[PDB]
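This report concerns only the one structure given below.
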Amino acid sequence: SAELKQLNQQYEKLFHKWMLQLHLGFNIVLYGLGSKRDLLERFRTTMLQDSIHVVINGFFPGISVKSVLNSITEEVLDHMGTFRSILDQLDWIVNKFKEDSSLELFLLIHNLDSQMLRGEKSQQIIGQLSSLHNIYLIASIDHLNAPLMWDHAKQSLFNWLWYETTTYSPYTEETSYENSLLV
Amino acid sequence: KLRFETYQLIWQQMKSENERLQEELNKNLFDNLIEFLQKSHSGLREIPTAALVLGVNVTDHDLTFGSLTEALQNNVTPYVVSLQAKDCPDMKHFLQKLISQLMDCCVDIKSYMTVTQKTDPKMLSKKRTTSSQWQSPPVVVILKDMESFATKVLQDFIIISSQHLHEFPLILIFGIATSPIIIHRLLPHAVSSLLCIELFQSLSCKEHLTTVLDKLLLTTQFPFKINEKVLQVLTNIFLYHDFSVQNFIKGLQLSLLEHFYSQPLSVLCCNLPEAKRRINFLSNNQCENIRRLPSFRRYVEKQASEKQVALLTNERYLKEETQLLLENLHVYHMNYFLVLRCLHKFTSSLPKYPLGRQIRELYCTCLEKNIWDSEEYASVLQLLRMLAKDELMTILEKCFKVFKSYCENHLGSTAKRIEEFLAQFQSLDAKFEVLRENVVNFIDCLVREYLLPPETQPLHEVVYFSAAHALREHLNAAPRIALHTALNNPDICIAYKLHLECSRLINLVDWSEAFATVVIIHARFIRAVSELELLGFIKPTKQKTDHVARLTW
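The listed protein sequences correspond, in order, to chains G and A.
Here PDB author numbering is used: the first residue of the first sequence is 284, the next is one more, and so on.
Note that the second sequence covers residues 41 to 83, 97 to 164, 188 to 506, 548 to 606, 628 to 657, 676 to 709 in PDB author numbering.
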């Protein structure tokens, strides 16, 4: 019970550093054994804090890339529900952002692996957004084939800062959704 | 921070000169694109074309297609359009963008609901806007990928446009990686002829690599230098993995910055006066810090009495001695590069290239371990002692036409050793001469001027950047090292031990029960295994009833 906290503390010292990385156009990444919830939600209570922090849990089946762009655009962005074609959506949100500058939006995705995010369109979106400098991306990954689905164009659109981030915590709220057959 | 002012300085100086040298390496090839295009315009139903070979780099060259839009709008010659292949599944979007783009090529320089475009108005723009020019414009239809062109689509356009032609002497540029056989594959023979191609060449990543290293990182301009391990790991990510000078650059910022967050000790990393200003600004904490690191501690170890404390206690005799450490330091590095290029025209000419070929290589191997201590160097010795004669006098006279060209142009020094060498080789032009020049290249240069990173002056840290590992974590993206070694090396640890152990396929009757022969106790293996699904070290597999089986090896 004792050890984990210290590690979840050590990563916090990189935090401000990540902020600077977030300014420089890159996006940090955590490959853990465990869950970063207490660390990613401490990143919400410690670093992000502030405002304009969008949270979509990928182990949540509920949120969807269309309702990801709504969930970003509906409440927090507050502009609208994103229009039918997502390319047009991002063209409106962007002509708002390209016009309205210096608005930094920090998004934290638990388990990009998804679905819904499996779609090459979904990561052409996240590719454009996280490529769009205003917002910024912190993703937590599990699937061994996570690096599989990221191609050249996307690992370019995602400039990924990959971090040790070896995490021992469950995987409790991540584990609450998965069902197995002994029950 | 000061290091970030230095960042943007260096940084945009770097991409600046990168994009300019991109524009020159162009300029021979682009002056040969408009000189080819103006050779075919100098001199029916056949589309002539231009085939450019750009090896396997995508985004770096979109600049120069923006600059073909520009440059080939500039000659007053064509109005240029670019058709992308992925834009382009059907036969409609190419003629639509054909013409959208040559009515548009008439617009941007003057400083609807785009569904409205079709196959007519190009045939009108070089008719209606100008039918009588009289000298027809090329529209070089830059087909930025013709490889991904839909083949049905491909022949339907080369046949539709070919059929229509000489009202439109279209030429079309080919963004391409490979050699002519593959065009001859995706473009059929009827097309290989309709294209009337003249094959052209465009420079790839690896050349821009060796060039840029020789130039940029190994410039004496910027003090920053790299340790063997992030040079090896970087040029390994470039050579062994991803060929983009993009990823090597962004990785070079991330190195630049990464160091430049190490400790303030680099604020002295600047030109001797720019650094000495910072010397004046130095405070007692930093005085503690210089008192600490090795090559200072080493520089402190071959020391003396009080003197040593006015390093350790009373800062003034240090900061004086910092201007002693550092002045020297930025003297040494110049004394190297002057001499490194030197080595190259000697041994870059040589065969076997056992120590190295490209300038980056000599930098690498020279700095890795003692050149003298390595035997491949001695092998190169035996070589030079063999060749002798006129091959050497020509190549060496080219080492002074060209290295005296460096100290005449490329480098100011003026080190007074250079000059002595120089006179020596003039005298030769007019064996143990080659072996006293090489021994001069040995004792006077390799022994003395080429020397190592760790055998160097005090404070070789912070100008030379250690701490490779973390970047490799933050770039190389090696999750399965940390994973494999973590899950191997504890109920999930033992779980992965079982997932290693059992056989191949493990039946959940006697897997739940073999894990009950081998091993509250169950739920952690179903979460280990459901993660190993989510992780992916197994899969929830149907090859047998109630089974979990790995795709990963």
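All residues carry an ideal CB built from backbone N, CA and C; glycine is no exception.
- Boundaries of the beta strand (DSSP E) harbouring G/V312: 310-314, taken from the DSSP string.
- Under DSSP, A/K301 takes part in a beta bridge, and its partners are A/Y581.
- Cβ proximity to chain A below 9 Å picks out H435, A436, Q438, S439, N442, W443, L444, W445, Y446, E447, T448, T449, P453, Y454, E457, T458 from the segment 435-460 of chain G.
- Our two residues, A/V456 and A/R433, have alpha carbons roughly 12 Å apart in a direct line.
- Around A/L341, the same chain offers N365, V579 as residues with beta carbons nearer than 6 Å, after the five sequence neighbours per side are excluded.
- A/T470 is classed as exposed because its beta carbon has fewer than 16 other beta carbons within 10 Å across all chains shown.
- Restricting attention to A/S338, A/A226, A/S481, A/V657, the CA atom closest to the CA of A/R417 is found in A/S481.
- With fewer than 16 other Cβ atoms from the protein chains shown falling within 10 Å of its own Cβ, A/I162 counts as exposed.
- Judged by their CB atoms, A/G251 and A/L394 are not nearer to each other than the 8 Å cut-off.
- DSSP lists no beta-bridge partner residue for G/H435.
- Taking the beta carbon of A/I682 as reference, the chain G residues within 7 Å of it are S463, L465, listed in sequence order.
- Around the beta carbon of A/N555, 16 or more other beta carbons lie within 10 angstroms, which makes this residue buried.
- Out of A/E283, A/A138, A/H284, A/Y188, the CA that lies nearest to the CA of A/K228 is found in A/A138.
- Straight through space, the alpha carbons of A/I355 and A/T398 are spaced by roughly 8 Å.
- Residue-level contact check: G/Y314 touches chain A, since one or more beta carbons of chain A fall below 8 Å from its beta carbon.
- Among the residues facing chain G, A/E75 is not included, as its CB has no counterpart in that chain under 8 Å away.
- In the pairwise beta carbon analysis, the segment 346-361 of chain A is classified as not touching the segment 379-386 of chain A: fewer than three pairs are separated by under 8 Å.
- The beta carbons of A/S371 and A/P256 sit no closer together than 8 Å.
- Its chain contains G692, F693 as the residues whose beta carbon lies nearer than 7 Å to that of A/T708, once the 5 sequence neighbours on both sides are disregarded; these appear in chain order.
- Closest option to G/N462, judged by alpha-carbon separation, among A/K698, A/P245, A/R683: A/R683.
- Contact between the segment 62-77 of chain A and the segment 192-209 of chain A is absent: fewer than 3 CB-CB pairs across the two stretches fall below 8 Å.
- Here A/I218 carries a strand assignment [DSSP, helix/strand/coil].
- Around the beta carbon of A/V191, fewer than 16 other beta carbons sit within 10 angstroms, so the residue counts as exposed.
- For G/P344, the closest Cβ of chain A is not nearer than 8 Å.
- Its Cα nearest to that of A/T296, the residue A/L487 stands out among A/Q277, A/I677, A/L487.
- G/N428 has a beta carbon lying within less than 8 Å of a beta carbon in chain A.
- If you ignore the 5 residues before and after A/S338, its C-beta comes within less than 7 Å of the C-beta of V579, all in its own chain and listed in chain order.
- Per DSSP, G/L391 is one residue of the beta strand (DSSP E) stretching across 388-393.
- For A/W51, the uninterrupted alpha helix (DSSP H) segment begins and ends at 42-80.
- G/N340 is bridged by DSSP to G/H393.
- Going by beta carbons, G/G341 and G/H299 fall outside the 8 Å limit.
- With respect to the C-alpha of A/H577, the residue from A/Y429, A/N303, A/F476 having the closest C-alpha is A/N303.
- Membership of A/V385 in any beta strand (DSSP E) is not indicated; the residue belongs instead to the alpha helix (DSSP H) covering 385-388.
- Nearest Cα to A/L61 within the set A/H114, A/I74, A/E403: A/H114.
- Between G/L464 and G/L391, the gap from beta carbon to beta carbon reaches 8 Å or more.
- Residue pairing from DSSP leaves A/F314 without any beta-bridge partner.
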